[PDB]
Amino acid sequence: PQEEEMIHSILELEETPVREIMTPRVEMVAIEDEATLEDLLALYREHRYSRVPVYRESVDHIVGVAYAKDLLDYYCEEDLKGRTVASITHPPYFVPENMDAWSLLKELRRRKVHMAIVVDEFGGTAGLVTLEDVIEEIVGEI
């Protein structure tokens, strides 16, 4: 039926490069590690992404990922200008640009992380890829 197309999508996950499914660098919404949490709130309000990569000087040097929801732990009274994105930043999980989607889903589940940073052949940033991107190859588009 339509069960059939998902069967083929699973056997083909070991043959799909993560570069074929990622969100490329020029479409990433990211933030500097020295930005305040108030700037993360503003960034969230504009773009509505739950997970934001964090970089030092360029989007080509990701140093981690920040969750917009972690802002909810902080009191507007003083904390938001008083802390930087680095204070809430989780360590990044990098995957090569030619890693297959099958291996990525295995490691995303094991590592208990939802977003991976995809690096290019030369040491910079090619983009990001999330569990939803991997899911949409199996299921369709969400």
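We number the residues from 1 along the sequence you see.
- The question of which stretch, 22 to 30 or 71 to 79, has the higher mean Cα B factor is settled in favour of 71 to 79.
- Here the stretch with the larger average CA B-factor, out of 34 to 42 and 96 to 104, is 96 to 104.
- Ranked by Cα temperature factor within the chain, residue 123 sits in the highest third according to the deposited record.
- The entry lists a Cα temperature factor for residue 51 that places it in the lowest third of the chain's modelled residues.
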